[PDB]
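Working notes, structure below.
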Amino acid sequence: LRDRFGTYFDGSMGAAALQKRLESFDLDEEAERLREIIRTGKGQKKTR
Amino acid sequence: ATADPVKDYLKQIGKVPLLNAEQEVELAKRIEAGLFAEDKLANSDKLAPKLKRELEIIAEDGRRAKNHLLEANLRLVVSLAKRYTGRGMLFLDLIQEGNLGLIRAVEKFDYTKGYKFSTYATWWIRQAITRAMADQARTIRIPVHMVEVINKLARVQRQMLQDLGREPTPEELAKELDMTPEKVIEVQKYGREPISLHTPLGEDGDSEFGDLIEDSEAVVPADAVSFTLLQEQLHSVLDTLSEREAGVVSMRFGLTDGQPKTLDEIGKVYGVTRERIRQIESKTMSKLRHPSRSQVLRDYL
Amino acid sequence: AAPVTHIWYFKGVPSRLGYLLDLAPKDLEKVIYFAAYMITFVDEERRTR
Amino acid sequence: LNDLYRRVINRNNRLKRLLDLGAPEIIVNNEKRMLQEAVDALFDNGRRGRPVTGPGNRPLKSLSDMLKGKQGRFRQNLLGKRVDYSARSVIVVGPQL
Amino acid sequence: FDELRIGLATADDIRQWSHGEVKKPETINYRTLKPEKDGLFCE
Amino acid sequence: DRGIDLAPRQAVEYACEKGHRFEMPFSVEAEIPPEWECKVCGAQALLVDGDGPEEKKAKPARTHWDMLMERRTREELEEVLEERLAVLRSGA
């Protein structure tokens, strides 16, 4: 993928990947999406 | 991604193609070609941009050859690292330090001499592995010359033990090593290994080895009380004397002022001869040496 | 020289790990112990344009 | 903890040396994984896989192993402590008391 | 002692607590028995 | 500790290349060092009266190119590189 496709997707490896993910993490919209699933949800995913 | 990461690393080595003589010398020629290309593009002379792109391509091919040789020789450095394992330093650390030695080897390898890569790399692998063993295996670090001295002494002591069938005396070891016996016992002293503070004593797990040893930096309450009582008593016995004698004593031997001023250094503020101040100082010393003013300070030491 | 993760939070109870990023514990193990690459950013609008 | 910290500095310095010069990605990633494992064993020895042992007898004590269990700081050094001005002896019965 | 706090410690807090960098794995000298410079146990 | 006078102190300001500024307390009788280690990032500290590198580079480590001079002379490099260019045109 890297040799064929360039400057389209950014990849990493290890804990640096987690750090870069947490740099762009948007927690409030994820909280809103989880609340939306709370309003309409069933099963063990509900507990999730 | 499983436990025991050395197995995962060995699987990560995988089925890489081993190199025979022709492939190895072809890779070495490509190494030299890529090195020459990157050296040429490193120069500041102006060439064709297409030529510089071609030189960069050759440099990339040379770097690929660098890699391919390194994953070719990972297996041999793993073997020579397992040759030196189980001596207080972990296996993967030895493998990685040998890998540093092996990239040193590939940096200093030439195809002009008609020999295989393994017999030349082996010296660097052993050198780097034993250097890292000297500099990293022991918690109290020992220099490499002292490490080779102590392990040479250990191996000759083992040889004498298996020859004579008994523990060799340090004097015979001193003559056979051509060193002084004091140097020999100093070497045996330096060749130790620390014991952990968390070793349990026995049936009880909670009572540790670190809780059986005290500390000397802890201030004894009795010592501090004795020091404070000395501080209170010395001022009182100074006030027992005359005011002038106590003053010149406190200006002569520390006390009130940290630095003790000499006879010369106090003869300006008080203004007498050297002989007079020395004589009255000797008189104060003789008076304080009298056994009347002794029981209040003899036991204070 | 390289950032490393904290062992209390990874490899724990979901009240502790949290699933802050929607990844499995085995997936987190595979990504942080250098066995699988992770795609951290993609130009989705540029890819679709 | 001196041994654990020493291993952490050793692996971090080796990783720095590898990043100083040109190294393949597999060697760099392996050393980064070793550094991560060293940090993890520093915080928890034995949480993942085989614990770091050392001399070959018992697992190496870590940071979190003295904040945990009967041998931890909470129960052996905070709630229950040795005391000064204390003594201990066998008891005998005295009816005159 | 109104209360006691606890939370995640960022890199800034760790650098703020620290009085320096431990740049060497060495702990003490084997001959002089004095702690090494700019490493562990460093004075 | 009762009645002791501390040696007179001067706070000397050290600034690094990254912009971190900090004060270190030294004695008056003390010799002020122009160089110090930065408390924030560990880098070199400067801007205390006169200061400089004092041979900071100091003959840096031999790269592969210097070992190439050590092992192979330039014109030797010329002919072998010309052969590498020929290999290129053979492959092209």
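Ligands are numbered from 1 in the order shown, chains are lettered A, B, ... in the order of the structure tokens, and residues start at 1 in each chain.
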
Chain C contacts to chain A at 8 Å (only C-alpha atoms) as a PyMOL selection string: chain C and resi 2-5+31-34+36-43+46-47

Those selected residues, please, written with N, CA, C and O atoms and delivered as a JSON list (two decimals), in the first residue's frame.
```json
[["chain", "number", "residue", "atom", "x", "y", "z"],
["C", 2, "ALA", "N", 11.36, 6.65, 22.35],
["C", 2, "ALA", "CA", 10.04, 6.42, 21.78],
["C", 2, "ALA", "C", 9.01, 6.36, 22.90],
["C", 2, "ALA", "O", 9.27, 5.78, 23.96],
["C", 3, "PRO", "N", 7.85, 6.98, 22.71],
["C", 3, "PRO", "CA", 6.80, 6.92, 23.73],
["C", 3, "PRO", "C", 6.31, 5.50, 23.94],
["C", 3, "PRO", "O", 6.22, 4.70, 23.01],
["C", 4, "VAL", "N", 5.99, 5.18, 25.20],
["C", 4, "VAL", "CA", 5.48, 3.87, 25.58],
["C", 4, "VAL", "C", 4.24, 4.06, 26.43],
["C", 4, "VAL", "O", 4.04, 5.10, 27.07],
["C", 5, "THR", "N", 3.39, 3.04, 26.44],
["C", 5, "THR", "CA", 2.11, 3.11, 27.13],
["C", 5, "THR", "C", 2.25, 2.69, 28.59],
["C", 5, "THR", "O", 3.25, 2.12, 29.02],
["C", 31, "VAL", "N", -1.35, -3.83, 18.47],
["C", 31, "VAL", "CA", -0.86, -2.56, 17.94],
["C", 31, "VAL", "C", 0.30, -2.01, 18.77],
["C", 31, "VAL", "O", 1.25, -1.46, 18.21],
["C", 32, "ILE", "N", 0.27, -2.15, 20.10],
["C", 32, "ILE", "CA", 1.28, -1.47, 20.90],
["C", 32, "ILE", "C", 2.56, -2.28, 21.08],
["C", 32, "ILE", "O", 3.60, -1.70, 21.42],
["C", 33, "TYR", "N", 2.52, -3.59, 20.88],
["C", 33, "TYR", "CA", 3.71, -4.42, 20.99],
["C", 33, "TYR", "C", 4.31, -4.74, 19.63],
["C", 33, "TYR", "O", 5.01, -5.76, 19.49],
["C", 34, "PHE", "N", 4.05, -3.90, 18.63],
["C", 34, "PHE", "CA", 4.74, -3.90, 17.34],
["C", 34, "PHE", "C", 4.54, -5.23, 16.60],
["C", 34, "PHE", "O", 5.49, -5.96, 16.31],
["C", 36, "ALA", "N", 1.30, -5.15, 14.39],
["C", 36, "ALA", "CA", 0.39, -4.73, 13.34],
["C", 36, "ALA", "C", 0.37, -3.21, 13.29],
["C", 36, "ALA", "O", 0.37, -2.54, 14.33],
["C", 37, "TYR", "N", 0.35, -2.67, 12.08],
["C", 37, "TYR", "CA", 0.35, -1.23, 11.88],
["C", 37, "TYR", "C", -1.04, -0.68, 12.14],
["C", 37, "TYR", "O", -2.04, -1.39, 11.99],
["C", 38, "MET", "N", -1.11, 0.59, 12.53],
["C", 38, "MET", "CA", -2.37, 1.26, 12.82],
["C", 38, "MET", "C", -2.49, 2.50, 11.96],
["C", 38, "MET", "O", -1.56, 3.32, 11.92],
["C", 39, "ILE", "N", -3.62, 2.65, 11.30],
["C", 39, "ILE", "CA", -3.87, 3.79, 10.42],
["C", 39, "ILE", "C", -4.49, 4.89, 11.27],
["C", 39, "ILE", "O", -5.67, 4.83, 11.63],
["C", 40, "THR", "N", -3.70, 5.91, 11.59],
["C", 40, "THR", "CA", -4.12, 6.93, 12.54],
["C", 40, "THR", "C", -4.89, 8.07, 11.89],
["C", 40, "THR", "O", -5.73, 8.69, 12.55],
["C", 41, "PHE", "N", -4.62, 8.37, 10.62],
["C", 41, "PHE", "CA", -5.30, 9.46, 9.95],
["C", 41, "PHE", "C", -5.47, 9.11, 8.48],
["C", 41, "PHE", "O", -4.59, 8.51, 7.86],
["C", 42, "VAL", "N", -6.62, 9.50, 7.93],
["C", 42, "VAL", "CA", -6.90, 9.33, 6.51],
["C", 42, "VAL", "C", -7.61, 10.59, 6.01],
["C", 42, "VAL", "O", -8.45, 11.17, 6.71],
["C", 43, "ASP", "N", -7.22, 11.05, 4.82],
["C", 43, "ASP", "CA", -7.86, 12.21, 4.19],
["C", 43, "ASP", "C", -9.11, 11.71, 3.47],
["C", 43, "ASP", "O", -9.13, 11.52, 2.25],
["C", 46, "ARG", "N", -10.58, 14.10, 0.92],
["C", 46, "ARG", "CA", -9.69, 14.15, -0.23],
["C", 46, "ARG", "C", -9.71, 12.84, -1.01],
["C", 46, "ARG", "O", -9.58, 12.85, -2.24],
["C", 47, "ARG", "N", -9.87, 11.71, -0.31],
["C", 47, "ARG", "CA", -10.01, 10.43, -0.99],
["C", 47, "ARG", "C", -11.31, 10.35, -1.78],
["C", 47, "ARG", "O", -11.33, 9.83, -2.90]]
```

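Surrounding region 126-131 of chain B within 8 Å are residues 80, 81, 84, 94, 97, 98, 100, 101, 122, 123, 134, 135 and 144 of chain B, with only C-alpha atoms counted and residues fewer than 3 positions along the same chain left out.
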
Point out the residue among E:14, E:42, E:33, E:8 with the least atom-to-atom distance to chain C, counting only C-alpha atoms. E:8

Let's see if you can do this: from backbone DSSP, list all helix (DSSP H, G or I) residues in chain C, as a ChimeraX atom specification. /C:14-17,25-32,44-48

With 12 Å as the cut-off and only C-alpha atoms counted, what is the closest atom pair between each nearby residue of chain E and chain C? Distances in Å to one decimal, ordered by chain and number, as JSON lines.
```
{"residue": "E:8", "atom": "CA", "partner": "C:6", "partner_atom": "CA", "distance": 10.6}
{"residue": "E:9", "atom": "CA", "partner": "C:6", "partner_atom": "CA", "distance": 11.0}
{"residue": "E:10", "atom": "CA", "partner": "C:6", "partner_atom": "CA", "distance": 11.5}
{"residue": "E:11", "atom": "CA", "partner": "C:3", "partner_atom": "CA", "distance": 10.6}
{"residue": "E:23", "atom": "CA", "partner": "C:1", "partner_atom": "CA", "distance": 11.7}
```

If you keep N, CA, C and O atoms, can you produce a file of those selected residues as a CSV table (one decimal), in the first residue's frame?
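This went into out.csv:
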```csv
chain,number,residue,atom,x,y,z
E,8,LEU,N,-4.1,11.5,36.5
E,8,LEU,CA,-3.1,11.1,35.5
E,8,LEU,C,-2.0,12.2,35.5
E,8,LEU,O,-2.2,13.4,35.5
E,9,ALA,N,-0.7,11.7,35.5
E,9,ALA,CA,0.4,12.6,35.5
E,9,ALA,C,1.0,12.7,34.1
E,9,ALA,O,1.4,11.7,33.5
E,10,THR,N,0.9,13.9,33.5
E,10,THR,CA,1.4,14.1,32.2
E,10,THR,C,2.9,14.2,32.2
E,10,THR,O,3.6,14.1,33.2
E,11,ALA,N,3.5,14.4,31.0
E,11,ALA,CA,5.0,14.5,30.9
E,11,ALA,C,5.4,15.8,31.6
E,11,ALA,O,6.6,15.9,32.1
E,23,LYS,N,20.7,9.9,32.7
E,23,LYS,CA,21.2,9.6,31.3
E,23,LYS,C,22.1,8.4,31.3
E,23,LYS,O,22.5,8.0,30.2
```

Using only C-alpha atoms, find the residues of chain B whose closest atom to chain F is at most 10 Å away, then write them as an MDAnalysis selection string. chainID B and resid 29:30 32:40 42 51 54:55 58 107:108 110 256:258

May I have the residues of chain D within 10 Å of chain A, counting only C-alpha atoms, written as a ChimeraX atom specification? /D:29,32-33,36

Print the selection's residues with N, CA and C atoms to a file, as a CSV table (one decimal), in the first residue's frame.
```csv
chain,number,residue,atom,x,y,z
D,29,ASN,N,12.0,-1.4,15.5
D,29,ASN,CA,10.7,-1.8,16.1
D,29,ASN,C,11.0,-2.8,17.2
D,32,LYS,N,12.2,-0.9,20.2
D,32,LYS,CA,11.1,-0.1,20.8
D,32,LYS,C,10.2,-1.0,21.6
D,33,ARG,N,9.9,-2.3,21.1
D,33,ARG,CA,9.1,-3.2,21.8
D,33,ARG,C,9.9,-3.7,23.1
D,36,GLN,N,9.4,-0.8,25.6
D,36,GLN,CA,8.0,-0.9,26.1
D,36,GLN,C,7.9,-2.0,27.1
```

Residues flagged strand (DSSP E or B) by DSSP in chain A, as a ChimeraX atom specification: /A:9-12

For those residues, write N, CA, C and O atoms to a file as a PDB file, in the first residue's frame.
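This is the output file result_14.pdb:
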```pdb
ATOM      1  N   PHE A   9      -3.279   8.135   3.270  1.00  0.00           N
ATOM      2  CA  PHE A   9      -3.548   7.651   4.615  1.00  0.00           C
ATOM      3  C   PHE A   9      -2.260   7.675   5.424  1.00  0.00           C
ATOM      4  O   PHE A   9      -1.188   7.343   4.911  1.00  0.00           O
ATOM      5  N   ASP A  10      -2.372   8.076   6.685  1.00  0.00           N
ATOM      6  CA  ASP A  10      -1.227   8.177   7.579  1.00  0.00           C
ATOM      7  C   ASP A  10      -1.223   6.977   8.517  1.00  0.00           C
ATOM      8  O   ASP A  10      -2.209   6.729   9.221  1.00  0.00           O
ATOM      9  N   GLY A  11      -0.118   6.239   8.525  1.00  0.00           N
ATOM     10  CA  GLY A  11      -0.002   5.069   9.370  1.00  0.00           C
ATOM     11  C   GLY A  11       1.125   5.180  10.371  1.00  0.00           C
ATOM     12  O   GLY A  11       2.030   6.004  10.214  1.00  0.00           O
ATOM     13  N   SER A  12       1.078   4.350  11.408  1.00  0.00           N
ATOM     14  CA  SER A  12       2.096   4.333  12.446  1.00  0.00           C
ATOM     15  C   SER A  12       2.107   2.941  13.066  1.00  0.00           C
ATOM     16  O   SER A  12       1.404   2.035  12.608  1.00  0.00           O
TER      17      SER A  12
END
```

Leaving out region 15-23 of chain F and any residue of its chain fewer than 4 positions from it, which residues lie within 10 Å of it when counting only C-alpha atoms, given as a list in words? residues 10, 11, 35, 36, 37, 38, 39, 40, 41, 42, 43, 44, 45, 46, 47 and 48 of chain F

Please dump the current selection as a CSV table (one decimal), in the first residue's frame; keep N, CA and C atoms.
```csv
chain,number,residue,atom,x,y,z
F,10,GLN,N,24.4,35.1,44.9
F,10,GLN,CA,23.9,35.8,43.7
F,10,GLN,C,23.2,34.9,42.8
F,11,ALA,N,22.0,35.3,42.3
F,11,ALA,CA,21.3,34.5,41.4
F,11,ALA,C,21.7,34.8,39.9
F,35,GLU,N,28.8,28.1,31.5
F,35,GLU,CA,28.1,27.0,30.9
F,35,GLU,C,27.4,26.2,32.0
F,36,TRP,N,26.1,25.8,31.7
F,36,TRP,CA,25.3,25.1,32.7
F,36,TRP,C,24.3,24.2,31.9
F,37,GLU,N,23.8,23.2,32.6
F,37,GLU,CA,22.8,22.3,32.1
F,37,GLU,C,21.4,22.8,32.4
F,38,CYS,N,20.5,22.8,31.4
F,38,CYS,CA,19.2,23.4,31.6
F,38,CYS,C,18.3,22.5,32.4
F,39,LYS,N,17.6,23.1,33.4
F,39,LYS,CA,16.7,22.4,34.3
F,39,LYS,C,15.5,21.9,33.5
F,40,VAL,N,15.1,22.5,32.4
F,40,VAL,CA,13.9,22.2,31.8
F,40,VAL,C,14.0,21.1,30.7
F,41,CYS,N,15.0,21.2,29.8
F,41,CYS,CA,15.2,20.3,28.8
F,41,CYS,C,16.6,19.6,28.7
F,42,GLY,N,17.5,20.0,29.6
F,42,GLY,CA,18.8,19.4,29.6
F,42,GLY,C,19.8,20.0,28.6
F,43,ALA,N,19.4,21.0,27.9
F,43,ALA,CA,20.3,21.5,26.8
F,43,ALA,C,21.3,22.5,27.4
F,44,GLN,N,22.2,23.0,26.5
F,44,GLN,CA,23.2,23.9,26.9
F,44,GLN,C,22.6,25.3,27.2
F,45,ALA,N,23.1,25.9,28.2
F,45,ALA,CA,22.7,27.2,28.7
F,45,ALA,C,23.7,28.3,28.4
F,46,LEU,N,23.3,29.4,27.9
F,46,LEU,CA,24.2,30.5,27.5
F,46,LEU,C,23.7,31.9,27.9
F,47,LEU,N,24.2,32.9,27.3
F,47,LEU,CA,23.8,34.3,27.5
F,47,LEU,C,24.1,34.8,28.9
F,48,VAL,N,25.3,34.4,29.4
F,48,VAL,CA,25.9,34.8,30.7
F,48,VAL,C,27.2,35.5,30.4
```

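Separating CA of residue 214 (chain B) from CA of residue 34 (chain E) is a distance of 20.5 Å.
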
At most 7 Å to chain B: residues in chain D, only C-alpha atoms, as an NGL selection string: :D and (3 or 24 or 49 or 54-55 or 71)

Output the selection as a PDB file, in the first residue's frame - N, CA, C and O atoms for each residue.
```
ATOM      1  N   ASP D   3      17.619  -2.460  39.364  1.00  0.00           N
ATOM      2  CA  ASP D   3      17.784  -3.313  38.190  1.00  0.00           C
ATOM      3  C   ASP D   3      16.772  -2.962  37.102  1.00  0.00           C
ATOM      4  O   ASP D   3      17.126  -2.884  35.919  1.00  0.00           O
ATOM      5  N   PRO D  24      17.485  -0.609  10.054  1.00  0.00           N
ATOM      6  CA  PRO D  24      16.236  -1.117   9.477  1.00  0.00           C
ATOM      7  C   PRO D  24      15.078  -0.979  10.448  1.00  0.00           C
ATOM      8  O   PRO D  24      15.252  -0.887  11.666  1.00  0.00           O
ATOM      9  N   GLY D  49       2.743 -12.112  30.675  1.00  0.00           N
ATOM     10  CA  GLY D  49       3.710 -13.143  30.363  1.00  0.00           C
ATOM     11  C   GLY D  49       4.547 -13.550  31.563  1.00  0.00           C
ATOM     12  O   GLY D  49       4.149 -13.398  32.722  1.00  0.00           O
ATOM     13  N   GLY D  54      15.680 -12.401  37.123  1.00  0.00           N
ATOM     14  CA  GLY D  54      16.959 -11.914  37.581  1.00  0.00           C
ATOM     15  C   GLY D  54      17.953 -13.030  37.829  1.00  0.00           C
ATOM     16  O   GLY D  54      18.501 -13.623  36.895  1.00  0.00           O
ATOM     17  N   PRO D  55      18.214 -13.331  39.106  1.00  0.00           N
ATOM     18  CA  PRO D  55      19.163 -14.410  39.427  1.00  0.00           C
ATOM     19  C   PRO D  55      18.683 -15.793  39.021  1.00  0.00           C
ATOM     20  O   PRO D  55      19.507 -16.711  38.933  1.00  0.00           O
ATOM     21  N   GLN D  71       2.435  -7.694  51.548  1.00  0.00           N
ATOM     22  CA  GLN D  71       3.748  -7.064  51.604  1.00  0.00           C
ATOM     23  C   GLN D  71       3.739  -5.625  51.105  1.00  0.00           C
ATOM     24  O   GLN D  71       4.799  -4.990  51.070  1.00  0.00           O
TER      25      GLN D  71
END
```

Which residues of chain B are close to chain E, meaning at most 7 Å apart when you count only C-alpha atoms, and how do they look as a list in words? residues 140, 141 and 142 of chain B

Identify all chain C residues at most 7 Å from chain B by counting only C-alpha atoms; ligands do not count. Present them as a PyMOL selection string. chain C and resi 29-30+33+35
